[PDB]
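Here is the structure we will look at.
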Amino acid sequence: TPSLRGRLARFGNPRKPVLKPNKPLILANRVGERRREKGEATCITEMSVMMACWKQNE
Amino acid sequence: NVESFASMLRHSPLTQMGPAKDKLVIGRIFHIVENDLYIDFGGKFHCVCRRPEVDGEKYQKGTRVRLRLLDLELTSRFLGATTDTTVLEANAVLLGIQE
């Protein structure tokens with residue numbers, strides 16, 4: 001796990017901040033939803049074979 | 001001549017053990033939930049171990065088992081928490097039965 005010592009801008013931290021999170025680095029009591037995978041067009045290769053055969057066979 | 005608490009703690013077997021990592025202890029099963037065995041080995045917290053495939057029926061309530069302790073209590077502090085999150089159970093590996 002990456003270190004957080006001296007990263008955020010805080011009192012007593014002399015160096016300029018390393019991380020600038022837009023949300024507090026605090027664990028929530030929930031996880032993200034089961035994100036769906038965007039469907040891709042399927043059977044394109046077989047469709048191509050069929051269409052090429054159609055073109056060759058009128 | 002009443003023994004003091006410091007004397008009891010100094011000579012207690014748990015103190016004599018030292019660190020609990022890789023220490024063989026003798027636990028007693030006190031509760032069984034399907035294949036989960038809840039074993040008390042004299043520590044503050046019990047351990048939960050899966051019933052072994054071999055001699056599974058040989059593990060019953062009151063059985064004495066040989067455990068290899070990894071930690072007396074499973075605690076870990078996480079991102080942003082102010083206190084260590086504890087699951088209120090130990091971490092031990094169930095070796096087998098002691099005769």
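Summarising the label geometry, the points placed 7 Å from Cα in the beta-carbon direction at B:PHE5 and B:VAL93 lie 3.7 nm from one another.
In loop segments of the stretch A:1-49 as defined by DSSP, the trypsin sites (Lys or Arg not before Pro) with at most 12 further C-beta atoms inside 10 Å of their C-beta are A:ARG5, A:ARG10, A:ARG15, A:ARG30, A:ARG34, A:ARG35, A:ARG36, A:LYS38. In chain B, Cα pairs under 8 Å separated by at least six residues give a relative contact order of 26 percent. In the protein assembly as shown, the C-alpha radius of gyration followed by the widest Cα-Cα span (Dmax) gives 28.7, 111 angstrom. Overall dimensions of chain A, expressed as equivalent-ellipsoid semi-axes from the Cα gyration tensor (√(5λ), whole Å, largest first), are 57, 16, 8. Each 10 Å bin from zero holds the following percent of Cα-Cα pairs in chain B: 15, 39, 28, 15, 3, 0. The angle separating the long axis of helix A:44-56 from the principal Cα axis of greatest extent in chain A is about 30 degrees.
Among the chymotrypsin sites (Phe, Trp or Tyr not before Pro) in the stretch B:1-93, those located in a DSSP loop and surrounded by at most 15 other Cβ atoms within 10 Å of their own Cβ are B:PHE78. The loop-placed trypsin sites (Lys or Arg not before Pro) in the stretch B:25-80, going by DSSP, that have at most 16 neighbouring Cβ atoms within 10 Å of their Cβ come out as B:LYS44, B:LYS61, B:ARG77.
Just so you know, all these numbers are worked out from the coordinates, no wet-lab data involved. Cβ coordinates were reconstructed from backbone atoms using ideal geometry, including for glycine residues, and neighbour counts include every protein chain displayed.
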